[PDB]
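To start, the structure under review is shown below, and the notes come after it.
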Amino acid sequence: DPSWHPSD
Amino acid sequence: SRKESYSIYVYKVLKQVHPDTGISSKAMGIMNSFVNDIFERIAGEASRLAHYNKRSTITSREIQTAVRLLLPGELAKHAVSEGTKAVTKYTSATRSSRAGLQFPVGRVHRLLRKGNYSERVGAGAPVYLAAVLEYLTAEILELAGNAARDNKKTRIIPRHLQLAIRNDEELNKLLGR
């Protein structure tokens, strides 16, 4: 369950 | 199939309600599923309301057609011309930030049109609906984030969503149905 982060 | 991704907007709203609190990937999936479900419910019921009671509306379409009926040929040609120039100049001459919204008023629009909920869409309908999705998201993330701090973690996990939504009467009624 990784943490969410913005992307491109 | 797959529905749209609101994840980045859930993240912005999250950073406003609880800036130093993170969110997990599964929990973000839950939030996106909520935002979608509410979009289909409000857009669906609003679509039923639209198809049920229809109101007469003058638009550039009917004005153009009427002009093409009444005026003789070269007249109607140049008048249709000047009319179209006027409306395109009126158009070509920020929406979410205008309303002060993190949610994409532009995307909610292209979705309301994409979903075939209605033949036409007004303006302020994406503003109203985007504002409502933003508010509901904000509440769910505020409660779930408070649950994240009182459970002494640094991020929101799907359990925190279950806790926040189950222990809120109105949110439990909403997202239980």
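Naming works like this for the structure tokens: A, B, ... for the chains as they're shown, residue 1 at the start of each chain, ligands 1 onward in shown order.
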Between chain B and chain A, at 6 Å or less, what are the per-residue closest atom pairs and their distances in Å? Count only C-alpha atoms, order by chain and rising residue number, and return it as a tab-separated table.
```
residue	atom	partner	partner_atom	distance
B:23	CA	A:4	CA	5.9
B:24	CA	A:3	CA	4.1
B:25	CA	A:4	CA	4.8
```
Atoms kept (N, CA, C and O atoms) for selection, written as a compact mmCIF listing (two decimals), in the first residue's frame:
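Done, and the output landed in out_1.txt:
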```txt
# COMPACT_ATOMS: atom_id res chain seq x y z
N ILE B 23 -1.87 10.59 1.93
CA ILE B 23 -2.92 9.63 1.62
C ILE B 23 -2.28 8.43 0.94
O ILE B 23 -1.31 8.57 0.20
N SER B 24 -2.81 7.24 1.23
CA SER B 24 -2.28 6.05 0.60
C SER B 24 -2.86 5.91 -0.80
O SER B 24 -3.72 6.69 -1.23
N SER B 25 -2.40 4.89 -1.52
CA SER B 25 -2.88 4.68 -2.88
C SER B 25 -4.28 4.08 -2.88
O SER B 25 -5.17 4.54 -3.62
```
Contacts of segment 42-49 of chain B within 8 Å, only C-alpha atoms, excl. fewer than 3 positions in-chain, as a PyMOL selection string: chain B and resi 38-39+52-53+112+117-118+129
I need the chosen residues saved as a compact mmCIF listing (two decimals), in the first residue's frame, with N, CA, C and O atoms.
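This went into result30.txt:
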```
# COMPACT_ATOMS: atom_id res chain seq x y z
N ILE B 38 -20.84 9.83 -6.82
CA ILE B 38 -21.67 11.00 -6.62
C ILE B 38 -21.86 11.75 -7.94
O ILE B 38 -22.95 12.29 -8.19
N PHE B 39 -20.85 11.77 -8.81
CA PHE B 39 -21.04 12.41 -10.11
C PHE B 39 -22.11 11.70 -10.93
O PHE B 39 -22.93 12.36 -11.58
N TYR B 52 -37.43 15.28 -18.08
CA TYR B 52 -38.83 15.30 -17.67
C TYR B 52 -39.50 16.63 -18.00
O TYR B 52 -40.55 16.66 -18.65
N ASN B 53 -38.92 17.73 -17.55
CA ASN B 53 -39.49 19.06 -17.75
C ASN B 53 -38.56 19.87 -18.65
O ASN B 53 -37.46 20.25 -18.23
N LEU B 112 -20.22 15.90 -18.44
CA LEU B 112 -21.67 16.02 -18.54
C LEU B 112 -22.13 15.89 -19.99
O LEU B 112 -23.19 15.32 -20.27
N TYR B 117 -25.99 12.74 -20.72
CA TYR B 117 -27.03 13.03 -19.73
C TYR B 117 -28.07 13.99 -20.29
O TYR B 117 -29.22 13.98 -19.85
N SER B 118 -27.69 14.83 -21.25
CA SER B 118 -28.62 15.78 -21.84
C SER B 118 -28.11 16.18 -23.21
O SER B 118 -26.94 15.98 -23.55
N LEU B 129 -21.93 21.55 -9.71
CA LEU B 129 -21.59 20.16 -9.44
C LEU B 129 -20.14 20.01 -9.01
O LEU B 129 -19.83 19.22 -8.11
```
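Separating atom CA of residue 76 of chain B from atom CA of residue 119 of chain B is a distance of 27.7 Å.
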At what distance in Å, to one decimal, does atom CA of residue 127 of chain B lie from atom CA of residue 98 of chain B?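 Between atom CA of residue 98 of chain B and atom CA of residue 127 of chain B the gap works out to 9.6 Å.
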Determine which residues of segment 22-176 of chain B DSSP labels as strand (DSSP E or B) from the backbone of this structure, then write them out as a ChimeraX atom specification. /B:22-24,155-156
Can you tell me which residues surround residue 121 of chain B at a distance of at most 8 Å, considering only C-alpha atoms, apart from same-chain residues fewer than 4 positions away, and format the answer as a tab-separated table (two decimals) with C-alpha atoms, in the first residue's frame?
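out_30.tsv was written with the following content:
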```tsv
chain	number	residue	atom	x	y	z
B	109	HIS	CA	-18.42	19.93	-18.41
B	112	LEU	CA	-21.67	16.02	-18.54
B	113	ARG	CA	-21.66	16.25	-22.34
B	125	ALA	CA	-23.99	23.33	-13.78
```
Env of residue 13 of chain B: 12 Å cut, atoms = only C-alpha atoms, seq-sep filter 4 positions within chain, self excluded. Answer as number ranges by chain. B: 6-9, 17-19, 21-23, 31, 100-103, 131, 133-142, 145
Do you have the atom CA of residue 91 of chain B-atom CA of residue 110 of chain B distance handy? 17.2 Å
What parts of segment 119-174 of chain B does DSSP call helix (DSSP H, G or I)? I'd like the answer as a PyMOL selection string. chain B and resi 125-150+158-166+169-174
Let me make sure I understand: among B:10, B:28, B:58, B:111, which one has the smallest atom-to-atom distance to residue 158 of chain B if we use only C-alpha atoms? B:28
